[PDB]
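Participant: I need the structure of the sequence given here:
(one chain, ligands or ions: 1)
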Amino acid sequence: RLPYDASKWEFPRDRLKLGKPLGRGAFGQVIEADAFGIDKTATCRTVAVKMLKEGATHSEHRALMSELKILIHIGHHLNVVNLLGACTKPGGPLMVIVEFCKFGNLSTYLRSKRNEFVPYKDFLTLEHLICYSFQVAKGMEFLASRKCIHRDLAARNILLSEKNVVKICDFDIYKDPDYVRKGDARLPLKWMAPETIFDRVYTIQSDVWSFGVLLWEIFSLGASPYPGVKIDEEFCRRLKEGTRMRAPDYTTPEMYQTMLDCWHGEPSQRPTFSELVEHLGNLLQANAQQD
Ligand SMILES: COC(=O)c1ccc2c(c1)NC(=O)/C2=C(\Nc1ccc(N(C)C(=O)CN2CCN(C)CC2)cc1)c1ccccc1
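Facilitator: Numbers count the residues shown, from 1 in each chain. Next up is the structure itself:
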């Protein structure tokens with residue numbers, strides 16, 4: 001759609017060697033791959049490649065090329081999943097090469113660390129959890145500055161790479177039910193602000209609500225929000241009137257206070273991601289203080 005600077009972005013297909021799919025979805029697939037020299041050094045880096053499936057409608061091609069263009073628009077930040085390059089020229093498939101985050105989505109990761117957590121000292125600790133939280137806030141402050149709205153901020157959509165760096169991704173009902181297991185899905189409604197459940201309107205301050213739900217997910221070590229409750233039209237009703245989740249098993253009091261601040265029923269009275277970054281950095285620095 002928008003102009004495309006091939007000098008900056010085009011990567012040669014003959015320096016890309018595809019491996020196995022990391023995941024396959026309704027509209028495309030993400031393949032694990034090796035790229036030679038994509039960061040301008042003389043190195044092989046494992047990257048992830050968004051590309052189409054073998055079916056592939058012109059609407060599915062147009063969408064990937066739109067995502068590529070939007071990624072170029074957003075630009076780089078440590079705490080988003082970054083565009084590394086693309087292959088768009090005649091001679092092969094459309095491929096959008098992005099950062100590989102080896103540990104996978106954060107929800108699944110945290111659930112896997114439940115017998116490997118200690119509040120403070122290999123293991124996860126409060127330091128890790130407030131870190132992940134600050135990093136997602138830093139990531140979202142950046143996206144707000146690019147005038148983006150995420151619309152589906154959840155711990156499933158946060159990826160973990162090396163050195164406890166965590167990165168926001170914008171992507172089940174899809175996957176083959178013969179192969180579907182217990183947490184292989186998530187009900188997005190549980191992350192939606194009252195004004196979005198109800199009026200279907202997305203803003204950056206509705207993303208601040210979902211960030212609160214994400215915080216809850218981090219500090220439950222990857223449990224599902226609203227435990228027990230069935231999500232009917234009275235869930236909604238109660239939600240719009242003031243009902244909120246209880247503190248999860250691994251929260252500190254300050255972090256639970258922050259969830260509740262992010263769940264202000266009134267969008268303008270929720271913290272901004274700039275205010276969350278400042279407050280969460282304070283909490284992070286306090287946590288590792290000494291005597
Ligand atoms: C805009 O950018 C994007 O949109 C985007 C989207 C997805 C990913 C991405 C960028 N970048 C990644 O890394 C992604 C995934 N990554 C992944 C990583 C590790 C795993 N895990 C834990 C494995 O075990 C995989 N394992 C395979 C074998 N080799 C040897 C090692 C890695 C699984 C998925 C992933 C993709 C599909 C769905 C879930 C996540």
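
Participant: so residue 167: helix, strand or coil?
Facilitator: Following DSSP: H, G, I helix; E, B strand; the rest coil, residue 167 is assigned to strand.

Participant: ok, the one 4 residues further on next?
Facilitator: For residue 171, the secondary structure call by three-state DSSP comes out as coil.

Participant: got the contact list for the closest residue in space to it that isn't next to it in sequence?
Facilitator: Nearest residue to residue 171 in three dimensions, chain neighbours excluded: residue 157, at 6.3 Å (CB to CB, 6 or more residues apart in numbering). Heads up, the C-betas are built off the backbone N, CA and C, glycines and all. Counting by CB atoms under 8 Å, 6 or more residues apart in numbering, residue 157 touches 105, 150, 168-171.

Participant: how much space separates residue 157 from the ligand?
Facilitator: According to CB to the nearest ligand atom, to the nearest Å, residue 157 stands 9 Å off from the ligand.

Participant: list only buried entries from the contacts of residue 157.
Facilitator: Buried subset of those (neighbour count, 16 or more other CB atoms under 10 Å): 105, 150, 168-170.

Participant: so which of those residues comes closest to residue 79?
Facilitator: Lowest distance from residue 79 to the buried ones among the contacts of residue 157 (CB to CB) belongs to residue 168, with 6.3 Å.

Participant: thought that closest one was touching residue 82?
Facilitator: No: contact criterion CB atoms under 8 Å: residue 168 and residue 82 do not qualify, at 10.5 Å.

Participant: for the ligand, what's its nearest residue on the stretch 151-291 of the chain.
Facilitator: Residue of the stretch 151-291 of the chain nearest the ligand, by CB to the nearest ligand atom: residue 169 (5.0 Å).

Participant: list the contacts of that residue.
Facilitator: 80-81, 157-159.

Participant: change it to 6 Å
Facilitator: 81, 157, 159 (CB atoms under 6 Å, 6 or more residues apart in numbering).

Participant: from those residues, which ones fall inside strands?
Facilitator: Cross-referencing those against strands under DSSP state E gives residue 159.

Participant: in a markdown table, list the contacts of residue 169 along with distance to residue 203.
Facilitator: A markdown table is the format used below for those (distance: CB to CB, whole Å):
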| residue | distance to residue 203 |
| --- | --- |
| 81 | 22 |
| 157 | 18 |
| 159 | 24 |
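
Participant: from the contacts of residue 169, pick the one nearest residue 22.
Facilitator: residue 159 (10.3 Å).

Participant: for the closest one, name its beta-bridge partners.
Facilitator: Residue 159 has these beta-bridge partners by DSSP bridges: residue 105, residue 167.
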